[PDB]
Amino acid sequence: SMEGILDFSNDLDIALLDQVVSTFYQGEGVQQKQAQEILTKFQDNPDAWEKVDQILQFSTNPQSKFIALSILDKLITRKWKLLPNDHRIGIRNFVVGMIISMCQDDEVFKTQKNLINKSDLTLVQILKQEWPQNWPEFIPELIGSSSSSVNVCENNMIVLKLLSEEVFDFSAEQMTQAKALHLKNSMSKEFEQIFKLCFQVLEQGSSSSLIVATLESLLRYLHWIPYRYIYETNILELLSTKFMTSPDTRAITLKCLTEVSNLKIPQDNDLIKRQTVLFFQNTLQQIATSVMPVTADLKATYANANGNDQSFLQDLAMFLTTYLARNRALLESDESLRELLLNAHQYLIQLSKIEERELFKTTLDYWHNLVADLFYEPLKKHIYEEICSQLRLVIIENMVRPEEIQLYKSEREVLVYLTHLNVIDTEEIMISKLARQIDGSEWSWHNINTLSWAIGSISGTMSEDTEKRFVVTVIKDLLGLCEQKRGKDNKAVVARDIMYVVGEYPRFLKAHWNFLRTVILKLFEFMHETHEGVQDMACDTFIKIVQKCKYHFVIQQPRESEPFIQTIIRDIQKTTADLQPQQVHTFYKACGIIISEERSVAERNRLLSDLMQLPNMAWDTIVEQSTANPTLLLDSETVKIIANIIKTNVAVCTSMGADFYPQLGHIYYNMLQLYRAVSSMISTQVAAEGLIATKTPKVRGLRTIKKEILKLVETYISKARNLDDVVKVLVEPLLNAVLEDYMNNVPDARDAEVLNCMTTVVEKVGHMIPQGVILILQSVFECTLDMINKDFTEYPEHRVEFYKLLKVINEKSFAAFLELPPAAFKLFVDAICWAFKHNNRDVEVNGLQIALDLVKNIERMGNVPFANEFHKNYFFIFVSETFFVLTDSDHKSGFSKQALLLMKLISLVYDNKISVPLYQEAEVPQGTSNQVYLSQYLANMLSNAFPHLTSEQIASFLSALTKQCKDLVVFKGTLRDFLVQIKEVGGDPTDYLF
Amino acid sequence: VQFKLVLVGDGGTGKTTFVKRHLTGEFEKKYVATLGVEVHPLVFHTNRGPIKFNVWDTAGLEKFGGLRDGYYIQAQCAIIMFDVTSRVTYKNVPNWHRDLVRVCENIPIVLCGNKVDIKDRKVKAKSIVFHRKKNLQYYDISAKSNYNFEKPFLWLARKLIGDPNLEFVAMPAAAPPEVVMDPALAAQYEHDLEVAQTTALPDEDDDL
Amino acid sequence: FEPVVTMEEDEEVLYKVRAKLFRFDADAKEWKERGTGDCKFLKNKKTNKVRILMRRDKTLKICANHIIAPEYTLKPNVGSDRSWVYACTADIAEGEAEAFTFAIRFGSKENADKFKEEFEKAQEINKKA
Ligand SMILES: C/C=C/[C@@H]1O[C@H]([C@H](N)/C=C/C=C(\C)C[C@@H](C)/C=C(C)\C=C\[C@H](O)C[C@H](N)CC(=O)OC)C[C@@H](O)[C@@H]1C
Ligand SMILES: Nc1nc2c(ncn2[C@@H]2O[C@H](COP(=O)(O)OP(=O)(O)OP(=O)(O)O)[C@@H](O)[C@H]2O)c(=O)[nH]1
Ligand SMILES: [Cl-]
Ligand SMILES: [Mg+2]
């Protein structure tokens, strides 16, 4: 019978609603679910707001009344202005009356905070509609009613807090510009009186709850009020003394003082500066005497997490960092402020030792500010020497792995600055921490790793000589540690750290060839170590060292018989014999980096030939045996070898780019033959076994071959220098191998990488291959569109690659779209709008970009039939589709480019850049301007789409929009105002004059 | 020992996916928008005994919002979710936080940036500062890779039980029952296994 | 001077391997993950019965707990060369014993082949016991 509340035709049973509500909130499983659905339907019923008065009076259940207020809030925020004035006053009084009543009952006031707070928010929703134009007495009455009762006074502080939030903090997206300015001005005009009440409560208040509520409102005011209310009253003194002493007010007060520190303030005023110093002195004095002294172990306190200590200490870090970032130059000038300055910083040091990642980042942002400044500001660093010395230890002990990119970067930067400020101190700290690893007192994997990360981070900060002595010392010490340790778990940790450190010091490696050679030879030995992570670190260290020291591998070093790259290549089979494929590919990639350093072409090509000897020999034998016996590709093992050959080519092409061409030339024609051979087998297997075949290991292996072939070609063409060879040698065989294969496979067998490969081709050489581009379109366009035009989810990669391809074709080879038959060009426009309706940004952004580029492409053509035909056929489709995605609330991430496109389309008309009439004859007077017709069309369209708008709203909007169609940020403002007004009834049309 | 947990955040951020993974271990790849709320109990075993979260997984899409802040009543903790691959999800975090704390004034809250597994991250680490002044915990998470995926609950549990040493522990493993093959359900087994053997496992390119 | 004031302890680990475990949902006719973590074959030192015990990473929650019945057969999946599917008649990971079609996937074929070898060894142990 719970569904009785949904009847509405009969009177509402309140005991039944309290049943349903109770079942929802307290109930379980099946029962909770049914009540849920009923409640949701009840709430969404458009006439349910009428039942609110009844629920609020006669319900016992506070949850029922909460939901009642939700229903009223819906009415107030969407449909309020449809109500007669009398009814709006009646509702307003009922709400106010209910709040006062609840506040005057101490039992209810104490126990029903949620319902009171909800009521207060409902009141504020009414104020946003009604105040002050229809409620000039609101504030005087509120201020008046505050003196009557302490509960009412406290609650009035909650109402004012919410109002300030709604007007100043959350208005930007919820209100028109004009309405937000109206409410801001209104609050500003009456603030003197509000402040007077707030100041009085704080100056002469005993209720902590009332004082805390008042301070909560003040925090919100501090966002917008002028500084004089803080600096030219006694309030600063109250905040920084009295309210810091009691712990009930301390939390909110510290937050207020953080915002005080952010006030816009006169910069050239000695009294203000003294006041700024003084509140900080007072605050820190209260902390040192009432909370904890400067020496306190905050790490311990925070970890213990008693009461509100964690939040307090977070707030204290925020206060100190905020204040000092703005005001520490004030404290630096006078020597009577030196203790205060250093004590504040010592508190920050203590805070930075807290084991809480997000707190640490907060303090680290501040330290970065400080040490950056000491690095450049004259006559400052000496003040902070003891702070900085402590900070060096804190950062070193908290260094994270370079994988944590942003935190590692922040920490490194701080440590680099600190190292510059005192290299000896940094060096001593690191050497002594290293000794505590060696003596075992601080030994652990975590501890040796963190230390190694720290040591690596300061590479390049020391003089070459100092660094030389430091690195030798570190390496000797780590080597000794590696000896000490028993079992390869321990030895592998230290060896990886040695590898890490050496790879971070390329300047040292470049000055010490023997050492560098030895390191490389050691990495080669480690490429045989199967202990977990060792081969990976050896390969990663190898490529890292190569990236940084490549020149040293390509020259013949003193007392060597050849460039070391020759020696690496000579032994490559032995070096790589125990590696996994991915590791081998890294190794070959690293060799590729070295070989690209060789600028003699004959020598470079010879090295490339030599490097690719094993893949090329395996390839040759497979190509010969494979083509002579096409069965061999059925072998699982052969497919794997072929894939790894191709991946090796990709790896080397990745680092060699343009220089890879001779190797590409060696394999290219047989690789495209292989692509075709592999394609046939997949098609064959799918027919023989079904679509399930595409999931099988064998077909997946075959498809990997095709994708790696496409990746190789993409990689080379993306980096090619000789584009004539690309066009004349590479492109035609490529298109022949891949396009028909793509078109003639079933959707599930088509590789999206074909689209990506073609994107690269068009990007690079599309200007030179107009006929090739047409072939690309003809092969992929309709069959891919048909894969992706049934929903937004199927074939996600094809969807993304498809719009990237259309995007580059539209940019590089627009003539290819001019060649389309009208019907296919219509599908192109349909495809572009389809992308607009996508929620995935990867597709939506490309769709909007293609439309703007297309408009631009049509504009370029000038006054010719195709351009005039395009506008007659498509101008209004683009305008209406853009408006759809703008206004449907499902495409908000696209707002900016939607607005740009709409602005472009409107500006075309209001510049008279469209020669022909957009209207068909027998629609308007023959002489009618496109301007007038556009206004008419949009007004009619918006009237139909949004029938709750007045004609005046629509006309004002459109008038504004067309005047602002050369000022994007203002245009966007008008669009946002419209998006607000369509969510409610009775929006003011003068808003569009903002 | 049970606690109401409210999960809020923009549509598509991974709220339901995250909870479902915690409930059953499955990773739902499809986006099926939550209608109003789904409530599910979630138990963790701790060194201080079991802790139960009454998880109110709310809808992030405005059109499916249902009771909205009505769901937040008497929540003892919350997670606010966004998607590090969608900036608007982060831009809306202050909005969710506002609605939430107005109803739940003094509760522990974790802010979670989901989808850190996706390489092309759009909400950068350095942009994420909202939590600081609001005293929220923050974690980078991935419901897909399981990166940090227990951390929100471990943190909340520590806050709610008021013990910073509280650990999740291995739930005891009862010895399982010996099996008897019912010959009447012999042909049935072959049919179901046939179907299972010929339906491909998902994500065959993943490490596991 | 007075001084200042799992239920696997009965079991030997025969084999341990990282795995992803799936259960087949016939309703949706799709495979669903049940957990990723260490799969262990545990031999109870009292009964000499070998079970699979698998726990999810991070939560350490059980996603498999069942006897390695001599009657079970590991079968290939069509999509994978590093997975087995088998019917399980009584798994108590989520409390009450229930039948499942499981699929377990490993990091490599070698791991899968090794798992099958160990699974069969354990079946043989569960026959003698
Ligand atoms: C300018 C030059 C000045 C001087 O070079 C001296 C020497 N010529 C350099 C030797 C370098 C090496 C042996 C390479 C070494 C630094 C790198 C590593 C990764 C060593 C690792 C361990 O020895 C191997 C480990 N045990 C194996 C294991 O079990 O792991 C699984 C050294 C020291 O006095 C100075 C720097
Ligand atoms: N890459 C990636 N995708 C994820 C992750 N978590 C969830 N997803 C996917 O992103 C989408 C999220 O869907 P849901 O979890 O239903 O989103 P939601 O926040 O519950 O949505 P609403 O119920 O509408 O508020 C699904 O397609 C998920 O599979 C993650 O960590 N990484
Ligand atoms: Cl050099
Ligand atoms: Mg959901």
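Throughout, a chain's letter reflects where its sequence line sits, starting with A, and its residues are numbered from 1. We use all heavy atoms of the structure for the numbers below, so side chains are in, but hydrogens, waters and symmetry mates are not.
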Based on non-hydrogen pairs under 4.5 Å, which of C:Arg55, C:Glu30, C:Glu94 is most in contact with chain B? C:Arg55
Between C:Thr59 and B:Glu150, do the side chains contain a donor N or O and an acceptor N or O under 3.5 Å apart? no
Tell me, do B:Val179 and C:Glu71 make a side-chain contact under 4.5 Å, heavy atoms counted? yes
For a 4.5 angstrom cut-off between non-hydrogen side-chain atoms, does B:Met171 reach C:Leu60? no
Note, C:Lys32 side chain near B:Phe27 side chain (heavy atom, < 4.5 Å): no
Between C:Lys75 and B:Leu193, does a side-chain contact (heavy atoms from CB on, under 4.5 Å) hold up when you go through it step by step? CA-CA 9 Å; C:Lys75 306 278 187 188; B:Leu193 190 76; 3.7 Å; yes
Interchain contact, C:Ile67 with chain B, by part (heavy-atom threshold 4.5 Å): both
Listed by residue number, which members of residues 2-24 of chain C have a heavy atom under 4.5 Å from any heavy atom of chain B? C:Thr6, C:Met7, C:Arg18, C:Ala19, C:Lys20, C:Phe22, C:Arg23, C:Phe24
Could you tell me if the side chain of C:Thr89 sits less than 4.5 Å from the side chain of B:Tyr189, heavy atoms only? yes
Rounded to the nearest 0.5 Å, what's the gap from OG on C:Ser83 to CG on B:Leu201? Could you check? 5.0 Å
Run the salt-bridge test on B:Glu178 and C:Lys49 with the 4.0 Å N-O cut-off and return the result as yes or no. yes
Measuring heavy-atom distances to chain B, does C:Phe102 have an atom under 4.5 Å in its side chain, in its backbone, in both, or in neither? neither
Portion of C:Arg51 that has a non-hydrogen atom of chain B nearer than 4.5 angstrom: side chain
Heavy-atom distance under 4.5 Å to chain B: side chain of C:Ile62, backbone, both or neither? both
Given that the side chain runs from C-beta out, which part of C:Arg56 has a heavy atom under 4.5 Å from chain B: side chain, backbone, both or neither? side chain
Do B:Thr199 and C:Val78 have side chains that approach each other closer than 4.5 Å (heavy atoms only, starting at C-beta)? no
Cation-pi check, C:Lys58 onto B:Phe153 ring (under 6.0 Å, within 45° of axis): no
